[PDB]
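Here's model00.txt, which has compact mmCIF, C-alpha atoms and all ligand atoms:
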```
# COMPACT_ATOMS: atom_id res chain seq x y z
CA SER A 7 -71.51 22.73 -107.54
CA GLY A 8 -72.24 22.12 -103.83
CA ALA A 9 -72.81 23.79 -100.51
CA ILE A 10 -72.38 23.37 -96.76
CA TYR A 11 -75.68 23.51 -94.79
CA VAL A 12 -75.00 24.33 -91.11
CA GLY A 13 -77.69 25.80 -88.83
CA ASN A 14 -79.62 28.41 -90.85
CA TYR A 15 -76.68 29.07 -93.19
CA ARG A 16 -75.78 27.94 -96.72
CA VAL A 17 -72.02 28.25 -97.57
CA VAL A 18 -71.22 28.33 -101.31
CA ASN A 19 -68.38 29.38 -103.61
CA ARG A 20 -68.93 33.15 -104.14
CA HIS A 21 -68.48 32.63 -107.91
CA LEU A 22 -71.40 30.10 -107.97
CA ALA A 23 -73.82 32.09 -105.74
CA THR A 24 -77.40 32.39 -107.11
CA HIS A 25 -79.69 35.47 -107.11
CA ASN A 26 -81.52 33.97 -104.09
CA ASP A 27 -78.16 33.73 -102.27
CA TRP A 28 -77.35 37.42 -102.95
CA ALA A 29 -80.95 38.43 -101.94
CA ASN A 30 -80.56 36.60 -98.55
CA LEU A 31 -76.86 37.47 -97.99
CA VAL A 32 -75.18 37.05 -94.59
CA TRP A 33 -71.48 37.51 -95.55
CA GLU A 34 -69.21 37.38 -98.61
CA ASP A 35 -65.47 37.67 -99.26
CA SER A 36 -64.09 37.69 -102.82
CA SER A 37 -60.47 37.11 -101.64
CA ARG A 38 -61.63 33.76 -100.11
CA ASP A 39 -64.17 32.80 -102.85
CA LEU A 40 -66.83 32.39 -100.13
CA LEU A 41 -70.47 33.54 -99.72
CA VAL A 42 -72.96 32.67 -96.99
CA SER A 43 -76.73 33.08 -97.30
CA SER A 44 -79.60 32.44 -94.85
CA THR A 45 -81.91 29.37 -95.09
CA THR A 46 -85.44 28.68 -93.85
CA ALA A 47 -84.65 25.02 -92.96
CA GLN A 48 -81.88 23.90 -90.55
CA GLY A 49 -78.95 22.03 -92.02
CA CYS A 50 -77.14 18.86 -90.89
CA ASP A 51 -73.48 19.57 -91.55
CA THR A 52 -71.17 20.20 -88.56
CA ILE A 53 -68.08 22.45 -88.96
CA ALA A 54 -64.70 21.05 -87.91
CA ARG A 55 -62.86 23.12 -85.26
CA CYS A 56 -59.32 21.66 -85.50
CA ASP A 57 -55.89 21.78 -87.25
CA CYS A 58 -56.23 18.50 -89.28
CA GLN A 59 -54.08 18.31 -92.45
CA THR A 60 -55.62 14.96 -93.60
CA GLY A 61 -59.19 14.36 -94.70
CA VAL A 62 -61.42 13.32 -97.59
CA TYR A 63 -63.00 15.42 -100.37
CA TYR A 64 -65.80 14.84 -102.90
CA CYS A 65 -64.89 15.03 -106.60
CA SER A 66 -68.02 15.29 -108.78
CA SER A 67 -66.08 14.72 -112.00
CA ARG A 68 -65.14 11.23 -110.70
CA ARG A 69 -68.24 10.49 -108.49
CA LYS A 70 -65.72 9.66 -105.77
CA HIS A 71 -64.46 10.70 -102.37
CA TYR A 72 -60.64 10.79 -102.16
CA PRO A 73 -58.42 10.81 -99.07
CA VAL A 74 -55.90 13.65 -99.17
CA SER A 75 -53.18 15.46 -97.24
CA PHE A 76 -53.64 19.26 -97.49
CA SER A 77 -51.66 22.37 -96.61
CA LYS A 78 -52.51 24.87 -93.83
CA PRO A 79 -54.77 27.81 -94.91
CA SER A 80 -52.53 30.33 -96.67
CA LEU A 81 -52.34 33.19 -99.24
CA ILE A 82 -51.75 31.39 -102.58
CA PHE A 83 -51.43 33.18 -105.95
CA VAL A 84 -54.33 31.47 -108.28
CA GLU A 85 -54.35 31.36 -112.23
CA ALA A 86 -57.20 33.61 -113.46
CA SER A 87 -60.20 31.53 -114.19
CA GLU A 88 -63.69 32.36 -115.71
CA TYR A 89 -64.57 34.29 -112.41
CA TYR A 90 -61.37 35.67 -111.20
CA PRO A 91 -58.18 36.94 -112.74
CA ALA A 92 -54.74 35.65 -111.74
CA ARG A 93 -54.60 36.60 -108.13
CA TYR A 94 -53.94 35.93 -104.58
CA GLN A 95 -56.62 33.90 -102.83
CA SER A 96 -56.58 33.85 -99.01
CA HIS A 97 -57.41 31.04 -96.53
CA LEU A 98 -56.74 28.46 -99.30
CA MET A 99 -55.38 24.91 -98.69
CA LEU A 100 -53.82 22.81 -101.48
CA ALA A 101 -53.72 19.04 -102.06
CA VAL A 102 -52.78 16.64 -104.87
CA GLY A 103 -55.99 15.55 -106.54
CA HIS A 104 -57.90 15.46 -109.60
CA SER A 105 -60.30 18.46 -110.28
CA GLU A 106 -62.29 20.26 -113.15
CA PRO A 107 -64.28 23.65 -112.87
CA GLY A 108 -67.62 22.16 -112.09
CA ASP A 109 -66.12 20.46 -108.91
CA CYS A 110 -66.35 23.89 -106.94
CA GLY A 111 -68.78 22.96 -104.24
CA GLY A 112 -67.43 19.59 -103.10
CA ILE A 113 -66.86 19.18 -99.34
CA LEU A 114 -63.47 18.47 -97.73
CA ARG A 115 -64.04 16.82 -94.27
CA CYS A 116 -62.04 15.30 -91.45
CA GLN A 117 -62.96 13.27 -88.32
CA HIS A 118 -64.26 16.54 -86.70
CA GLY A 119 -66.62 17.62 -89.49
CA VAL A 120 -66.55 19.92 -92.56
CA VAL A 121 -63.21 21.66 -93.19
CA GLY A 122 -63.98 23.57 -96.42
CA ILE A 123 -65.11 23.37 -100.06
CA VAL A 124 -63.37 22.89 -103.39
CA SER A 125 -62.55 26.40 -105.02
CA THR A 126 -59.34 26.16 -107.30
CA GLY A 127 -57.13 23.49 -108.91
CA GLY A 128 -55.61 22.12 -111.99
CA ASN A 129 -52.83 19.85 -113.23
CA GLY A 130 -53.62 17.42 -110.23
CA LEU A 131 -54.11 20.15 -107.83
CA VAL A 132 -57.20 21.07 -105.97
CA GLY A 133 -57.61 24.05 -103.65
CA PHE A 134 -60.14 24.28 -100.76
CA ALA A 135 -61.49 27.35 -99.24
CA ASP A 136 -61.18 26.83 -95.44
CA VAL A 137 -64.19 27.55 -93.18
CA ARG A 138 -62.79 26.38 -89.79
CA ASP A 139 -62.03 29.94 -88.61
CA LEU A 140 -65.66 31.13 -89.23
CA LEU A 141 -66.83 30.47 -85.67
CA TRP A 142 -70.06 32.40 -86.14
CA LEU A 143 -71.38 29.60 -88.42
CA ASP A 144 -72.06 27.66 -85.14
CA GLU A 145 -74.47 30.25 -83.64
CA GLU A 146 -77.31 32.89 -84.23
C1 LIG B 201 -61.37 23.03 -108.85
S1 LIG B 201 -61.24 24.58 -109.97
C2 LIG B 201 -60.26 24.02 -111.33
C3 LIG B 201 -59.92 22.75 -111.58
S2 LIG B 201 -59.12 22.61 -113.10
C4 LIG B 201 -59.21 24.29 -113.37
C5 LIG B 201 -59.81 24.93 -112.33
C6 LIG B 201 -59.78 26.43 -112.14
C7 LIG B 201 -61.07 27.10 -112.50
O1 LIG B 201 -61.60 26.83 -113.51
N1 LIG B 201 -61.60 27.98 -111.63
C8 LIG B 201 -61.10 28.11 -110.26
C9 LIG B 201 -62.49 28.65 -109.84
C10 LIG B 201 -62.55 30.01 -109.16
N2 LIG B 201 -62.36 30.02 -107.85
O2 LIG B 201 -62.76 31.04 -109.81
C11 LIG B 201 -62.87 28.67 -111.35
ZN ZN B 202 -60.26 17.65 -87.86
```
Output the structure of this file as structure tokens.
Ligand SMILES: CSc1cscc1CC(=O)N1CC(C(N)=O)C1
Ligand SMILES: [Zn+2]
Amino acid sequence: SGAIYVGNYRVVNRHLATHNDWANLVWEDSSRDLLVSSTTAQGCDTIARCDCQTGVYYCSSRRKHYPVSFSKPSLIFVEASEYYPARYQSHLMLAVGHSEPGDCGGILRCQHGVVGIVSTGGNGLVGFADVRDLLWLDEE
């Protein structure tokens, strides 16, 4: 589990969105595994606006933050989990790192701010849904 809190937005994995998220929906995209809902309180996270390929992510199944090198956001075919079939997920970045299903939620960050959240993985992989192209998260 986990979310990004920027401005009056809450960014979560679409497959972990709650009823309150769907009832206060701003935007969702199943191909990216992302959903954004509105919040009453302002958040403290800042979104990175950069092309970093190195950063650090949080792994809840190890209670640890790991430094990683990650690929550029791309269209990557994903093994069908409990929420999606085998499929192509867009705007996904891969890195070598431990992950288990509950880890969806964990932030990947660089020196500029939040880069994305954990979304897919396995066998020492972990995939992050990028958010750096969602410029509207910084306004309104
Ligand atoms: C970090 S996800 C992961 C680590 S080991 C196996 C998995 C894969 C998994 O169970 N999925 C991916 C997620 C989705 N986006 O639907 C649900
Ligand atoms: Zn950066």
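Using all atoms listed in the file for every distance, the candidate list A:116, A:32, A:140, A:82 yields A:82 as the residue closest to ligand LIG 201 (chain B).
The space separating CA of residue 126 (chain A) from CA of residue 26 (chain A) comes to 23.7 Å.
In this comparison, which uses all atoms listed in the file, the residue of A:132, A:40, A:56, A:74 approaching ligand LIG 201 (chain B) most closely is A:132.
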Counting only C-alpha atoms, the residue among A:67, A:45, A:125, A:75 that lies closest to residue 87 (chain A) is A:125
When you count all atoms listed in the file, which of these residues is closest to residue 142 (chain A): A:91, A:8, A:13, A:108?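 Going through A:91, A:8, A:13, A:108 one by one, the smallest distance to residue 142 (chain A) is for A:13.
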Please report the interatomic distance between CA of residue 104 (chain A) and CA of residue 131 (chain A) in Å with one decimal.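 These two atoms are separated by 6.3 Å.
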Around ligand ZN 202 (chain B), out to 7 Å and counting only C-alpha atoms and all ligand atoms, which residues are there? I want them as a PDB file with C-alpha atoms, in the coordinates of the input.
```
ATOM      1  CA  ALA A  54     -64.700  21.050 -87.910  1.00  0.00           C
ATOM      2  CA  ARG A  55     -62.860  23.120 -85.260  1.00  0.00           C
ATOM      3  CA  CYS A  56     -59.320  21.660 -85.500  1.00  0.00           C
ATOM      4  CA  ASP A  57     -55.890  21.780 -87.250  1.00  0.00           C
ATOM      5  CA  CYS A  58     -56.230  18.500 -89.280  1.00  0.00           C
ATOM      6  CA  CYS A 116     -62.040  15.300 -91.450  1.00  0.00           C
ATOM      7  CA  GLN A 117     -62.960  13.270 -88.320  1.00  0.00           C
ATOM      8  CA  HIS A 118     -64.260  16.540 -86.700  1.00  0.00           C
ATOM      9  CA  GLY A 119     -66.620  17.620 -89.490  1.00  0.00           C
TER      10      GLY A 119
END
```
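Considering only C-alpha atoms, the residue among A:10, A:15, A:46, A:130 positioned nearest to residue 146 (chain A) is A:15.
Here CA of residue 121 (chain A) stands at a distance of 16.4 Å from CA of residue 103 (chain A).
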A:71, A:78, A:93, A:25: which is nearest ligand LIG 201 (chain B), counting all atoms listed in the file? A:93
Residues within 9 Å of ligand LIG 201 (chain B) should be enumerated using all atoms listed in the file and returned as a CSV table (one decimal) with C-alpha atoms, keeping the file's coordinate frame.
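Listed below is the output, part-v2.csv:
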```
chain,number,residue,atom,x,y,z
A,19,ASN,CA,-68.4,29.4,-103.6
A,20,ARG,CA,-68.9,33.2,-104.1
A,21,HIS,CA,-68.5,32.6,-107.9
A,22,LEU,CA,-71.4,30.1,-108.0
A,38,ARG,CA,-61.6,33.8,-100.1
A,39,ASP,CA,-64.2,32.8,-102.8
A,84,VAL,CA,-54.3,31.5,-108.3
A,85,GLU,CA,-54.4,31.4,-112.2
A,86,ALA,CA,-57.2,33.6,-113.5
A,87,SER,CA,-60.2,31.5,-114.2
A,88,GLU,CA,-63.7,32.4,-115.7
A,89,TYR,CA,-64.6,34.3,-112.4
A,90,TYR,CA,-61.4,35.7,-111.2
A,91,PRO,CA,-58.2,36.9,-112.7
A,95,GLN,CA,-56.6,33.9,-102.8
A,104,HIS,CA,-57.9,15.5,-109.6
A,105,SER,CA,-60.3,18.5,-110.3
A,106,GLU,CA,-62.3,20.3,-113.2
A,107,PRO,CA,-64.3,23.6,-112.9
A,108,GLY,CA,-67.6,22.2,-112.1
A,109,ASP,CA,-66.1,20.5,-108.9
A,110,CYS,CA,-66.4,23.9,-106.9
A,111,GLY,CA,-68.8,23.0,-104.2
A,124,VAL,CA,-63.4,22.9,-103.4
A,125,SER,CA,-62.6,26.4,-105.0
A,126,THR,CA,-59.3,26.2,-107.3
A,127,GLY,CA,-57.1,23.5,-108.9
A,128,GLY,CA,-55.6,22.1,-112.0
A,129,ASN,CA,-52.8,19.8,-113.2
A,130,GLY,CA,-53.6,17.4,-110.2
A,131,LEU,CA,-54.1,20.2,-107.8
A,132,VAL,CA,-57.2,21.1,-106.0
A,133,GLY,CA,-57.6,24.0,-103.6
A,134,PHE,CA,-60.1,24.3,-100.8
```
Show which residues sit within 8 Å of residue 122 (chain A), as number ranges by chain. Count all atoms listed in the file, and ignore same-chain residues fewer than 5 positions away. A: 113-115, 134-138
